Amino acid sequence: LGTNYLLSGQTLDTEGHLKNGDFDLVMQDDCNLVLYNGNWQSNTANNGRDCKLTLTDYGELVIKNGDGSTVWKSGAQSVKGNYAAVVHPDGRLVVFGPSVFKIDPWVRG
């Protein structure tokens, strides 16, 4: 569940969704990562159970099953840092990074 983005270090758990408008990214019970209305899927149906989506410190999307064994990787990587996967309103899942700038309301300015 949550929002329209996944940050590196966060997990999209089984049957969790990310939504922007009519586009809905679902980590399904059958281990397929599917972008509803977006004509995209990882294509990993029945490759595991209790599957989870993560995003690495190099900006790679990774699907892992219940055991923690890697089912699928996006196979595109960049330098070490913070990354964000976003359901773009044009109906694309896009990974952006690394972070270039941060506005921080939690520390003295």
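Heads up: residue numbers just count along the shown sequence, starting at 1.
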Going by the B-factors listed in the PDB entry, is the mean over the C-alpha atoms higher for 82-90 or for 21-29? 21-29
Going by the B-factors listed in the PDB entry, is the mean over the C-alpha atoms higher for 53-61 or for 38-46? 38-46
Rank-wise, by C-alpha B-factor, drop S99 into the lowest, middle or highest third of its chain. lowest
Per the entry's values, where does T11 land by CA temperature factor relative to the rest of its chain, in the lowest, middle or highest third? middle
